[PDB]
Structures are given as C-alpha cells and as structure tokens.
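Read the single chain below, which is given as structure tokens and is the form deposited in one PDB entry.
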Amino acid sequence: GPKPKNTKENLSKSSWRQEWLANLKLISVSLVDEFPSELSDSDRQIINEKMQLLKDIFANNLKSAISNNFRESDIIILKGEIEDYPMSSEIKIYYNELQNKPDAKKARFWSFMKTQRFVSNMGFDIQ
C-alpha cells in the first residue's frame, strides 16, 4: 500500500533522521543485562521484554550490530538511568573512565526509556 511520506518534515528533522539512519548501520549496540538496583521479579520481566524489543529494532530495522561486550559498543542501552547505577557497577566505572575523554567518538549510555523515545521518534510503534 502507499508508503507514509511526511511532506511537512522540515530540513532539521529530515537531516537528523537521515544522519541517524546512516550512522546506526555502522555501530555496535549493547543491551546490558545488569540492573542498577533490586527490583521485584515481575518488574524485571517487564524491563527485559522492553530490552528485547529494542534489540530486535536495532538489529533488524536499524541494522546495528548487537554485542554482549559493552566495552566494544558505541551505544550502551541500560536497564535504568546512569545515576541509578552504583559506583561498584562496571557500567558506572566505565562511564566514569569516559566522562572526561574529550573524544567525540566515545560511547553513549542511554536508559531504555530514553532509547524507547528515540526509536519512537525514528518512526517505530513502541509503547
């Protein structure tokens, strides 16, 4: 059927989308398994299901590589916000190793909530 084509998209937004679509095919993404803090079993299952959906979109629609080693990934998707992770967590230790790297190439850390909004804005029907 007819493909959606937003004739009202301005150049800012269409350029943002174009550059993201191109860049996403070049990177490695990690959907990190570690939770920042304790949560009840049923609440962890809800998060895991959301992480799996994001994984499928990144791998299959956005064409990113998916890794189990977050130290090789360009976008690191977390099961909470970075401030939720304790200093003892390697996610926080690595984040701290990168914080003062003035290196535009360094990894970015996104909660699953932040990631879901990004994917929605890229045109996918997600929660």
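Heads up: residue numbers just count along the shown sequence, starting at 1. Residues that one form lacks are left out of the comparison. If you superpose the two forms and keep the largest set of C-alpha atoms that fall within 1.5 Å, you have the rigid core.
One more form of this protein, solved in complex with a partner chain, exists but is not displayed; see below.
- In the entry with it bound, the partner chain sits within 4.5 Å of a heavy atom belonging to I27.
- Proximity of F118 to the partner chain in the entry with it bound falls within the 4.5 Å heavy atom cutoff.
- With a 4.5 Å cutoff on heavy atoms, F112 does not count as touching the partner chain in the entry with it bound; it lies far away.
- When two forms of a protein are overlaid on their rigid core, residues whose CA moves 2 Å or more are considered shifted, and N100 is one of them between this form and the one not shown.
- Cα of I93 to Cα of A104: at least 3 Å shorter in the entry with it bound than in the shown structure.
- Between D103 and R117, the C-alpha separation grows by 3 Å or more in the entry with it bound, relative to the conformation displayed.
- The rigid-core fit between this form and the one not shown yields exactly one 3+ residue run with every Cα displaced by 2 Å or more: 100 to 105.
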